[PDB]
Amino acid sequence: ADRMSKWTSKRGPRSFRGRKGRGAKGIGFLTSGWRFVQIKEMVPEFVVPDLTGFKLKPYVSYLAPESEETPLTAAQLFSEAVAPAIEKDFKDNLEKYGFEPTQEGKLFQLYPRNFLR
Amino acid sequence: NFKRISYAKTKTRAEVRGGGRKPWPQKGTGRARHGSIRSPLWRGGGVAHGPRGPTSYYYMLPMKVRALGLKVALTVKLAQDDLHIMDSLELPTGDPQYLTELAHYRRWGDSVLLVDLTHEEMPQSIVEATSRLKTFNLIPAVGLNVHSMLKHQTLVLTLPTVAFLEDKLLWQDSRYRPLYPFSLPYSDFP
Amino acid sequence: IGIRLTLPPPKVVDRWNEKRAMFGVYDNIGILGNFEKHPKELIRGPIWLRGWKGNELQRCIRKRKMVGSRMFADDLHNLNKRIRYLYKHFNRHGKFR
Amino acid sequence: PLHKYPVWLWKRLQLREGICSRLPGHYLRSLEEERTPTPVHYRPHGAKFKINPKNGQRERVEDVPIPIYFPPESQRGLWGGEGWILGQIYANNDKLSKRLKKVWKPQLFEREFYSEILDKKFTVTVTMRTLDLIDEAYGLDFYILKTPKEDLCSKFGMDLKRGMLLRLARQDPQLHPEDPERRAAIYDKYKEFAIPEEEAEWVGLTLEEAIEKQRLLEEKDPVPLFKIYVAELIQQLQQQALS
Amino acid sequence: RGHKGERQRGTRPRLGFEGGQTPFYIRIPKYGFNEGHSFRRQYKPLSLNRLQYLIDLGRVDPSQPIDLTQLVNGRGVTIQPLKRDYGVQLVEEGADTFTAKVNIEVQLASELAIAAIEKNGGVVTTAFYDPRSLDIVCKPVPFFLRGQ
Amino acid sequence: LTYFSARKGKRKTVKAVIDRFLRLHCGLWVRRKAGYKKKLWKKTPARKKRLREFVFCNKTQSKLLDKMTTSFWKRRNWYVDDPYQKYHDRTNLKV
Amino acid sequence: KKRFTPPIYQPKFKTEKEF
Amino acid sequence: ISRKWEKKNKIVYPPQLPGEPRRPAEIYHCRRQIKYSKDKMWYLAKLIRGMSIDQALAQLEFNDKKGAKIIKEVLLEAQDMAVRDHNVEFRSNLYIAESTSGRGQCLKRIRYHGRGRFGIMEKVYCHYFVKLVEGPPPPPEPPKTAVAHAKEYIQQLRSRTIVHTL
RNA sequence: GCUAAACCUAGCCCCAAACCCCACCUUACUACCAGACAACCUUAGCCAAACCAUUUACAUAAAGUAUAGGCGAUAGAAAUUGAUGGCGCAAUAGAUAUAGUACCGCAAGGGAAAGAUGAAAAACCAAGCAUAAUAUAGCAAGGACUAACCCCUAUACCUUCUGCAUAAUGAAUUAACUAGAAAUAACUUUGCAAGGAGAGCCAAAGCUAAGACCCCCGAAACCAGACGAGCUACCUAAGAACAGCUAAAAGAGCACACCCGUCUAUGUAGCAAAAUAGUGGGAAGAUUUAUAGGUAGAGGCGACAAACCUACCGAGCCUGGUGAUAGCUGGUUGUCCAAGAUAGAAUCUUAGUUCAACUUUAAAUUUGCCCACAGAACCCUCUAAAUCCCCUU
RNA sequence: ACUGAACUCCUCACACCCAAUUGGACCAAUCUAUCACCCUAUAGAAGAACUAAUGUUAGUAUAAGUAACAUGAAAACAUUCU
RNA sequence: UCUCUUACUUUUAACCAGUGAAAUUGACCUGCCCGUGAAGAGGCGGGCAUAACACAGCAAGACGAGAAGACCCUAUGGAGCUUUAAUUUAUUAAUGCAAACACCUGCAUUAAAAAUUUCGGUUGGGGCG
Ligand SMILES: Nc1nc2c(ncn2[C@@H]2O[C@H](COP(=O)(O)OP(=O)(O)OP(=O)(O)O)[C@@H](O)[C@H]2O)c(=O)[nH]1
Ligand SMILES: [Mg+2]
Ligand SMILES: [Mg+2]
Ligand SMILES: [Mg+2]
Ligand SMILES: [Mg+2]
Ligand SMILES: [Mg+2]
Ligand SMILES: [Mg+2]
Ligand SMILES: [Mg+2]
Ligand SMILES: [Mg+2]
Ligand SMILES: [Mg+2]
Ligand SMILES: [Mg+2]
Ligand SMILES: [Mg+2]
Ligand SMILES: [Mg+2]
Ligand SMILES: [Mg+2]
Ligand SMILES: [Mg+2]
Ligand SMILES: [Mg+2]
Ligand SMILES: [Mg+2]
Ligand SMILES: [Mg+2]
Ligand SMILES: [Mg+2]
Ligand SMILES: [Mg+2]
Ligand SMILES: [Mg+2]
Ligand SMILES: [Mg+2]
Ligand SMILES: [Mg+2]
Ligand SMILES: [Mg+2]
Ligand SMILES: [Mg+2]
Ligand SMILES: [Mg+2]
Ligand SMILES: [Mg+2]
Ligand SMILES: [Mg+2]
Ligand SMILES: [Mg+2]
Ligand SMILES: [Mg+2]
Ligand SMILES: [Mg+2]
Ligand SMILES: [Mg+2]
Ligand SMILES: [Mg+2]
Ligand SMILES: [Mg+2]
Ligand SMILES: [Mg+2]
Ligand SMILES: [Mg+2]
Ligand SMILES: [Mg+2]
Ligand SMILES: [Mg+2]
Ligand SMILES: [Mg+2]
Ligand SMILES: [Mg+2]
Ligand SMILES: [Mg+2]
Ligand SMILES: [Mg+2]
């Protein structure tokens, strides 16, 4: 009889309560006998770096110069990454300079994005 | 009145939101009989006889009557010594102080309606003087009207405006009954 | 108790603002301007009742005829119902017949 | 309040705005034009004026078309502008009697037709009126090509028209291959109806179909900005080198 | 509003209803009093008295041919083509005292009116005007502004 | 009748009145006597002569017909040869 | 015929109001 | 809502002249929004009306009604404030000149009845007001004796005039 | 002196102008598996016709004309002509709106209420009562009186009616809200005038303009489209319960649980919008029952009781047409004056209406009432009060 | 003989007692136009006036402090007892 | 059960304390008898009675509360049902004729099924006559 309360797995008969989740991404599948097969590749692997020797504390000293915000753009990235090599080889096949015709064949395809975060 | 368009409107019991179902049965409840919660009797119900839509009050007096009214206004001003004829509205300066002082010295009213032949040719001095004043109002001859003549205590006219008004108002006398709207060509009507 | 216990804030009306000062000007535009413009053309307001007057039924009929296609859906439904009711009332009810 | 535009102009405004704007001009004009269909279920008045016998005066007479309901099954066949008449009758043909809802349906026949231009046999549910029209036009191809949309009254008919017109425009060698003389004879016979292939493509397309066709025509995967910036930089460096 | 009944409720029967007795305006047989009324031609009368009055006051100039346009311009007659008026008919009224010599063109004319016009040395001709031409001639300036 | 038409907002005319009565511009309504074409074989010559006559109406009947017809039907009609032309005005009428 | 008029319940807010 | 009773303690009289009777002190106290029917409180107010402070406290201490305790607390507070702030010399030298119960702001509730029907309960609240006047309680109005009663009758007889005449 | 009282702006109304990260169709707001399934089809009815059945509306001018029409209620062209805010609301108003929220309903859906300080809070008045219960007797007052009562006079109001104090209706009371809309033709006042009007229209003193007359609430109903078989009727799938005793494979007996509801008492605004206590029928079957699904209103279902279909089914409920209609009932709000009660006819008509009669207003004119003789039938032998007519007055 | 009306006279003044209906003279408040400026005037407008509709909303009464409702006992408030 | 009722217990009840409704209500300073009257008086006329108020019972009256009487009549108000009431066959089923070469379509005829609508008035209440 309650319509304004959110629909959660805590409401409904046993089948409903079992079937609905809470947003947790699936980790595997179910086989005969309701046995859960967990796939390792489906478990997110936290790629935590080595923080030893890292010099960047969470906060920044207040005695730090203030600089104008310059959001990175495609043009800026091209100028700072590709333009030098392009100029050199023009003075002296874009794959050599860096362009990749197709995202297929890459582990990290930019579009459609296939990596987390 | 003729310009008036009252924008007052109220929702009738048919336009008030809801009010479709019968609040309760005819008989057995012991309460008054009703057919909807939006009848005029109910709080928040419709208005039985309220203002309806934008209503117009437009009506036209005969142009002869309106011209005669203009004539009567002019005669009243002249008889009561509120009419002042001028050769021109040219002022020595555009200062509103000069105009107010001149009116006070000549014993004009607190309010003066100055009239000039045409809007475009009105002198710059008088335009500047009267733009800054509230009771000294400068109008073209074509704008003369009974309401403003009565609102303003004194009426200042120029000689060209006098001739203009005489011609326009007298034509109504001795004009035929129209064959078609006077905006259309006539043998002798400008 | 339906009477206020304090004087309402004084209402000051400027009798010589521009609107009141120039009210009525160009009402004689026709007779004083070679009848180039009819005074009704000085009326600013709803398109369907500029220089026109009538009872409620006539006003509703004119509104539907002139701006009916541009009316909102529920407003037009209300206008149709109002025209129906006004027709019934004026043509079937009243002291005189 | 009031809408800026009458509600009945909203479809035209949508046509003027959006992908419909990018639609080709000829197709848009074909959609706009609304030539009245040929009378089918009513006898049109002979002239614009008639001497009414009651008072012996010349009065204007107008042809008010009878509304026709075309069931969707008709769009799969060729009914010669014929359809269901959904109306009412007075029992015993006297207005003082009861009024009853009456539906007049056409007599539909399954027939097989051969299209010379398409060189194919079509089995089509057809009406005797359509058969008479085909006889008058001297063939199914002539009937399809001559009959306008408003009289053809069939999406299948308009699709056949588009196919015939496209083959005429392309002079398709697929028409009777290994028989160029026959192909040329057919195309010459139906020569007068030939139109530019661009128009023939859009002939007989509904508004939604035209929208889809335009979308497919103008869908281009975005060009990587790498290429654009490379072209711009190369051009700029060329200018620097030249000057 | 009275007391109860239909009158107070504002629901009294339509006009012409007689309480169920066959109404007066329906128990009378139909007769063709007004059949074709909208197709009958109508001619505004122009008495010779009126014509002489106009000529005397100078609203109609007898030195030039007088026709429907001149009459309307002088305001001697008001023609309503939309109301099936087909023009002007001369009328013998005032014939005995008519003296002006005029060349007048009208649509109808009585024998006595023609006699008076011709006795005074004038000329009279009956000229037909179909509704469109009648409207144009009565109000030429609006027609000239139509641009046709 | 229809005091305000739904399409024009004007007052309508009861055409049953137009089909039966003639209005003289003076304000009189002429009519034919009921039954003037019925069962004439059983009616005497005097009765037939009475029934074959055109007749006026009461003040109240005239007012009713004026209400039921619009102003167009009360205009001045200059028909070519109106059999009732002379009857469109009253002469030597006192009050 | 049996005549029964269903009870009418007043809106609950009127009762539930509090200081 | 009105709160004039509280303000009544803030009135300051001009200094009395030496040849002037000493003005008895007046202390206005009240308690607002007591969960008690004003009708029931009225009986307690009437009971303690006109009595000395000590006698009123004595009666209230042994009366059983709930409002008795509330009125006793109010009276004790009135005594304390009269001594501390209003310069009343003796605690006991005070008498209840005024004591009344006023309607408070009540709350409406629903009482469910047998057949889907209901009634509107009222969570009744009441105010309580007291004025304490310094000095011994005024003597009770003695019943009028036969002598004074006959005196009034004879005065009525003497007041007679010849009505409706010169 | 308490309840309280007020308050001005939150907003809204009418016009003009202007065109407007992730999740989610599965049980929505649910990361991740072979689909196939796809939209179009006259509105009806109320209502009017005083029933109802054909029928009944959904710029200006031509014109409410031509035409249509149980030729009646009514419907109704075309040619042709030319085409910048507020004498608005201001918290019961204005949007329903502080909100489509709270709350109510299974659902469609229905749908509210209200707030007020100040520059800064980092500073006297409704009802109801209380002060202060009451004294013989009486529509509660009036005439009065020295005096409150005592004395004398006085049968609340509204509506309906022949007639009401009526033991006929409504009303506890305060506050707020709550009900006469308009043509034709007339009348008054202007303007112009044989012409008037700012095309059209009228005109044998007319035309133009203005002023001034036409209410509110209420049915059972009818039709359209949605929503409903979580109750209940029946059914489908797959489940569950039925102690003990007698008998023996039982629509068997006694009798728990369980189902039902015979009779009584209580209750009747109740514990309960159908209950409680006792009593009672069945209780291995045509039984009872949990779960999910199905049949939907021109219908369903029915061991027919016109049963039951979400508490009110002779046909559900919601929304809409809809402000349905009501000759029926009720209501119809400032002061003051004046005139004002009156024959009948027709009518599916006698609860109404149209005409007449009466009544009202304005205007023109001259006779109006009372009434002297004379006069108004025989049938009928006699046979009345009178009447009609009628100068004078 | 007297008492006895709103009959009649007397002093003064007089439009100042019939339902439905009809004619007329005024008019409360509001807004607009001009006045006025401690509450107004001449006009134009209109959601323009409520002792009554088992009227609607809100407040408070009357019925009424009434009908109804509730907590087994002692105690150290551990506990025990019925 | 009753002749024929009595006793006791519990509940209710009454008093004290807390909490606290409902229908109803024109105003009431709310008497009895006879008469009157809109045809049965607390209020009117003639008499009689009459300090003031609480509390508990009673049910003769307030034509008591409750439901705008389900009885009866009326309404040119409804609806349900039946028909051998009037009007229809739009719809299905048949046939027959066309159309096509059995189905479909059009037109007729007959049935089934239904659909819309009505059920006059006077009347010594209505009905019957
Ligand atoms: N009648 C009316 N005029 C409006 C309305 N809104 C704005 N105006 C007028 O619009 C004009 C310009 O309004 P402003 O706000 O001053 O200027 P703006 O924003 O440029 O105006 P818009 O272009 O109209 O939005 C003024 O004359 C306003 O009175 C409205 O709702 N009705
Ligand atoms: Mg509605
Ligand atoms: Mg209703
Ligand atoms: Mg509202
Ligand atoms: Mg009444
Ligand atoms: Mg009556
Ligand atoms: Mg009849
Ligand atoms: Mg319940
Ligand atoms: Mg209470
Ligand atoms: Mg009807
Ligand atoms: Mg009616
Ligand atoms: Mg046209
Ligand atoms: Mg509101
Ligand atoms: Mg008070
Ligand atoms: Mg009574
Ligand atoms: Mg009654
Ligand atoms: Mg009562
Ligand atoms: Mg079920
Ligand atoms: Mg067993
Ligand atoms: Mg058994
Ligand atoms: Mg049976
Ligand atoms: Mg039965
Ligand atoms: Mg139900
Ligand atoms: Mg009604
Ligand atoms: Mg009188
Ligand atoms: Mg006397
Ligand atoms: Mg005023
Ligand atoms: Mg009002
Ligand atoms: Mg009030
Ligand atoms: Mg009331
Ligand atoms: Mg109480
Ligand atoms: Mg009691
Ligand atoms: Mg009790
Ligand atoms: Mg108690
Ligand atoms: Mg008696
Ligand atoms: Mg008692
Ligand atoms: Mg009584
Ligand atoms: Mg009784
Ligand atoms: Mg009773
Ligand atoms: Mg009744
Ligand atoms: Mg019965
Ligand atoms: Mg009926």
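These numbers come from the heavy atoms of this one structure, side chains and all, not from hydrogens, waters or symmetry mates. Chain A is the first sequence line, chain B the second, and so forth, proteins listed ahead of strands; every chain is numbered from 1.
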Trainee: Could you please name the partner base of I:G115, counting Watson-Crick and G-U wobble pairs only when both distances are under 3.5 Å?
Mentor: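 I:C8 is the nucleotide pairing with I:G115.
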Trainee: Is J:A25 paired to anything, Watson-Crick or G-U wobble with both distances less than 3.5 Å, and if yes, which nucleotide?
Mentor: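 Its partner is I:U335 (Watson-Crick or G-U wobble, both distances under 3.5 Å).
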Trainee: How many Å lie between CD on E:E18 and P on I:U353, as a whole number?
Mentor: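 After rounding, the reported distance stands at 15 Å.
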Trainee: Give me the distances for all protein-to-nucleotides 29-31 of chain J N/O pairs that come in under 3.5 Å?
Mentor:
none

Trainee: Identify whether any heavy atom of E:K30 sits under 4.0 Å from a base atom; if not, whether one sits that close to sugar-phosphate; answer base, sugar-phosphate or nothing.
Mentor: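 Contact class for E:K30: base.
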Trainee: Counting any heavy atom closer than 4.0 Å, what does H:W42 reach on the DNA or RNA strands: base, sugar-phosphate only, or nothing?
Mentor: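 Since only primed, P, OP1 and OP2 atoms lie under 4.0 Å of H:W42, the category is sugar-phosphate.
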Trainee: Under a 3.5 Å cut-off for both contacts, is K:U95 paired Watson-Crick or G-U wobble with anything, and if yes, with which nucleotide?
Mentor: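 Matched K:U95 with K:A108 under the 3.5 Å cut-off.
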Trainee: Under a 5.0 Å criterion applied to side-chain heavy atoms, does H:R103 engage the major groove or the minor groove?
Mentor: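 For H:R103, the contact is with the minor groove, the major groove having no base atom in range.
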Trainee: Between atom CZ in C:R62 and atom P in I:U60, what is the gap in whole Å?
Mentor: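 One finds 5 Å between P of I:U60 and CZ of C:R62, rounded.
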Trainee: Measure the distance from CZ on H:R111 to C1' on J:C69 and round it to the nearest whole Å.
Mentor: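 After rounding, the gap between these two atoms is 8 Å.
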Trainee: Please determine whether any donor N or O and acceptor N or O are separated by less than 3.5 Å between the side chain of F:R7 and the base of I:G64.
Mentor: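 Side chain to base: no pair below 3.5 Å.
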Trainee: Would you call A:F16 stacked on I:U27, i.e. ring centres under 5.5 Å apart with the planes less than 30° off parallel?
Mentor: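 A:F16 ring centre within cut-off of I:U27 base, planes near parallel; stacks.
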Trainee: If each of H:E122 and H:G67 is mapped to the nucleotide of RNA chain K with the nearest heavy atom, which maps nearer the 5' terminus, i.e. the 5' end?
Mentor: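 Closest to the 5' end, via its nearest nucleotide, is H:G67.
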Trainee: Want to settle it: does C:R15 or H:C106 sit nearer the 5' end of RNA chain J, counting the closest nucleotide to each?
Mentor: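 That would be C:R15.
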Trainee: Salt-bridged, C:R82 to B:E15, with N to O below 4.0 Å?
Mentor: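 Between B:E15 and C:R82 there is no salt bridge, as every charged N stays at least 4.0 Å from the carboxylate O atoms.
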Trainee: Using the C1'-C2'-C3'-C4' sign, is I:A186 on the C3'-endo (north) or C2'-endo (south) side?
Mentor: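 It's north.
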Trainee: Expressed in angstrom and rounded to an integer, what is the separation of C:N91 atom CG from I:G323 atom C1'?
Mentor: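 So the two atoms are 17 Å apart, to the nearest Å.
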Trainee: Whole-Å distance between I:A176 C1' and C:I3 CD1?
Mentor: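 Distance, rounded to whole Å: 14 Å.
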Trainee: Watson-Crick or G-U wobble partner for I:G293, using a 3.5 Å limit on both distances?
Mentor: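 Its partner is I:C235.
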Trainee: Could you measure between the two P atoms, the one in I:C231 and the one in I:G293, and give it in whole Å?
Mentor: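 After rounding to an integer number of Å, I get 11 Å for this pair.
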Trainee: Categorize F:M68 for me: base, sugar-phosphate, or nothing, with a 4.0 angstrom heavy-atom threshold over every strand shown.
Mentor: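 Here F:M68 touches no strand at all.
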Trainee: Could you tell me whether A:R11 contacts a base, only the sugar-phosphate backbone, or nothing, with contacts defined as non-hydrogen atoms closer than 4.0 Å?
Mentor: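 A:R11: no heavy atom of the nucleic acid under 4.0 Å.
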Trainee: Which pairs, protein N/O on one side and nucleotides 9-14 of chain I N/O on the other, fall under 3.5 Å?
Mentor:
none

Trainee: Have a look at E:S38 and say if it touches a base, only the backbone sugar-phosphate, or nothing, with a 4.0 Å heavy-atom cut-off.
Mentor: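 The residue E:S38 makes sugar-phosphate contact but no base contact.
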Trainee: Counting only Watson-Crick and G-U wobble pairs, both distances under 3.5 Å, are K:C28 and K:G78 paired?
Mentor: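 Paired, no.
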Trainee: Protein within reach of the bases, or only the backbone? For nucleotides 108-120 of chain K, mark each nucleotide 5' to 3' as B, S or -, using heavy atoms under 4.0 Å.
Mentor: -------------
Trainee: Between B:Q172 and B:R175, do the side chains contain a donor N or O and an acceptor N or O under 3.5 Å apart?
Mentor: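 Side chains of B:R175 and B:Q172: pair found under 3.5 Å.
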Trainee: So B:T12, base contact, sugar-phosphate only, or nothing? Heavy-atom distance under 4.0 Å.
Mentor: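 If one applies the 4.0 Å heavy-atom cut-off, B:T12 turns out to touch a base.
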Trainee: Classify B:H49 by what it touches in the nucleic acid, base, sugar-phosphate, or nothing, heavy-atom distance under 4.0 Å.
Mentor: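 Base contact.
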Trainee: Not counting sequence neighbours, which residues clear side chain to side chain donor-acceptor pair (under 3.5 Å) with F:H88? List them please.
Mentor: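 Partners of F:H88 by the side chain to side chain donor-acceptor pair (under 3.5 Å) criterion, ordered by chain and then number, come out as F:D82.
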Trainee: Between I:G128 and I:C2, would you say there is a Watson-Crick or G-U pair if both relevant distances must stay under 3.5 Å?
Mentor: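 Paired: I:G128 with I:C2, WC or G-U, both distances under 3.5 Å.
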Trainee: Quick check: D:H3 with D:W10 (ring centres under 6.0 Å apart)?
Mentor: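 Judged by ring-centre distance (under 6.0 Å), D:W10 and D:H3 do meet the cut-off.
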Trainee: Sugar at K:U89: north or south, per the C1'-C2'-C3'-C4' sign?
Mentor: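 K:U89 falls in the south pucker range.
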Trainee: Can you check nucleotides 102-106 of chain K for protein contacts, nitrogen or oxygen pairs under 3.5 Å, and list what you find?
Mentor:
{"residue": "K:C104", "atom": "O2", "partner": "D:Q107", "partner atom": "NE2", "Å": "3.4"}
{"residue": "K:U105", "atom": "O3'", "partner": "D:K105", "partner atom": "O", "Å": "2.8"}
{"residue": "K:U105", "atom": "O2'", "partner": "D:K105", "partner atom": "O", "Å": "2.8"}
{"residue": "K:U105", "atom": "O2", "partner": "D:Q107", "partner atom": "NE2", "Å": "3.3"}
{"residue": "K:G106", "atom": "OP1", "partner": "D:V103", "partner atom": "O", "Å": "3.3"}
{"residue": "K:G106", "atom": "OP1", "partner": "D:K105", "partner atom": "N", "Å": "2.9"}

Trainee: Indicate, with a heavy-atom threshold strictly under 4.0 Å, whether F:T2 touches base, sugar-phosphate, or nothing.
Mentor: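 If one applies the 4.0 Å heavy-atom cut-off, F:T2 turns out to touch the sugar-phosphate alone, with no base involved.
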Trainee: Just checking: do I:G244 and I:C254 form a pair, Watson-Crick or wobble, with both of the defining distances under 3.5 Å?
Mentor: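 When the criterion is applied, I:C254 and I:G244 count as a base pair.
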Trainee: May C:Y87 be described as stacking on the base of I:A57, applying a 5.5 Å centroid limit and a 30° limit on plane angle?
Mentor: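 Answer is yes, a stack.
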Trainee: Generate the contact string for nucleotides 192-202 of chain I. Rules: B means base contact, S means sugar-phosphate contact only, - means no protein heavy atom under 4.0 Å.
Mentor: S-SBBBBBSBB
Trainee: Without decimals, in angstroms, what is the distance between D:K4 NZ and I:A16 P?
Mentor: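 Distance check: D:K4 NZ to I:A16 P gives 10 Å.
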Trainee: Kindly give the atom pairs (protein nitrogen or oxygen, nucleotide nitrogen or oxygen) under 3.5 Å for nucleotides 105-107 of chain I.
Mentor:
{"residue": "I:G105", "atom": "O6", "partner": "A:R3", "partner atom": "NH1", "Å": "3.3"}
{"residue": "I:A107", "atom": "OP1", "partner": "A:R3", "partner atom": "NH1", "Å": "3.3"}

Trainee: Pick base, sugar-phosphate or nothing for H:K40, based on heavy-atom distances below 4.0 Å to the nucleic acid.
Mentor: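 Here H:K40 touches the bases of the nucleic acid.
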Trainee: Let me spell it out: for each of B:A32 and H:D39, pick the nucleotide of RNA chain J with the closest heavy atom. Which residue's pick is nearer the 5' end?
Mentor: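 Per heavy-atom nearest nucleotide, the more 5' residue is B:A32.
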Trainee: Pairing check on I:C124: which nucleotide meets the Watson-Crick or G-U wobble criteria with it, both distances under 3.5 Å?
Mentor: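 Pairing partner: none.
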Trainee: Taking a pair as Watson-Crick or G-U wobble with both distances under 3.5 Å, which nucleotide is matched to J:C10?
Mentor: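 In the structure as shown, J:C10 has no Watson-Crick or wobble partner.
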Trainee: Partner of I:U353 by Watson-Crick or G-U wobble geometry, both contacts under 3.5 Å, or none?
Mentor: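 I:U353 is paired with I:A346.
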Trainee: I'd like to compare against my own output: the B/S/- annotation of nucleotides 218-232 of chain I with a strict under-4.0 Å heavy-atom distance to protein.
Mentor: BSS------------
Trainee: Nearest nucleotide by nearest heavy atom, which residue falls closer to the 5' end of RNA chain K, D:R111 or D:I89?
Mentor: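 It is D:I89, whose closest nucleotide lies nearer the 5' terminus.
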Trainee: Is I:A75 paired to anything, Watson-Crick or G-U wobble with both distances less than 3.5 Å, and if yes, which nucleotide?
Mentor: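 Answer to the pairing question: I:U67, which forms a Watson-Crick or G-U pair with I:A75.
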Trainee: Using whole Å, report how far CZ of E:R9 lies from P of J:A53.
Mentor: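 Atom-to-atom, E:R9 to J:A53, this comes out as 18 Å.
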Trainee: Could you give the CD-to-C1' distance, from H:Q156 to I:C149, as a whole number of Å?
Mentor: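 Spelled out: CD on H:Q156 to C1' on I:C149 is 11 Å.
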Trainee: Taking side-chain contact (heavy atoms from CB on, under 4.5 Å) as the definition, give me every residue that meets it alongside E:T78, ordered by chain and number, with sequence neighbours left out.
Mentor: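 Counting only residues at least two positions away or on another chain, E:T78 forms a side-chain contact (heavy atoms from CB on, under 4.5 Å) with B:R177.
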Trainee: Quick one: does H:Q155 reach the base of I:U146 with a side-chain donor-acceptor pair under 3.5 Å?
Mentor: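 Not at all, since no donor on one side and acceptor on the other fall under 3.5 Å apart.
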Trainee: Under 3.5 Å, which protein N or O atoms sit close to an N or O of nucleotides 362-367 of chain I? Give each pair with its distance.
Mentor:
none

Trainee: Output all residues satisfying side chain to side chain donor-acceptor pair (under 3.5 Å) with D:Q107, sequence neighbours left out; order by chain, then residue number.
Mentor: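 With neighbours one apart ignored, the set is empty.
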Trainee: Are more than 12 heavy atoms from other residues, nucleotides or ligands located less than 6.0 Å from atom CD of G:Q10?
Mentor: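 Enclosed.
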Trainee: Ignoring hydrogens and angles, write down the donor-acceptor pairs under 3.5 Å from the side chains of residues 90-97 of chain C, residues two or more places apart or on other chains.
Mentor:
{"residue": "C:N91", "atom": "OD1", "partner": "F:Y3", "partner atom": "N", "Å": "2.7"}
{"residue": "C:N91", "atom": "OD1", "partner": "F:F4", "partner atom": "N", "Å": "2.9"}
{"residue": "C:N91", "atom": "ND2", "partner": "C:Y87", "partner atom": "O", "Å": "3.0"}
{"residue": "C:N91", "atom": "ND2", "partner": "F:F4", "partner atom": "O", "Å": "3.0"}
{"residue": "C:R97", "atom": "NH1", "partner": "C:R92", "partner atom": "O", "Å": "3.4"}
{"residue": "C:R97", "atom": "NH1", "partner": "E:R12", "partner atom": "O", "Å": "2.1"}
{"residue": "C:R97", "atom": "NH2", "partner": "C:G94", "partner atom": "O", "Å": "3.0"}
{"residue": "C:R97", "atom": "NH2", "partner": "E:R12", "partner atom": "O", "Å": "3.4"}

Trainee: Mind checking G:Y9 for me? I need base, sugar-phosphate or nothing, with any heavy atom below 4.0 Å counting as a touch.
Mentor: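 Base, at least one base heavy atom under 4.0 Å.
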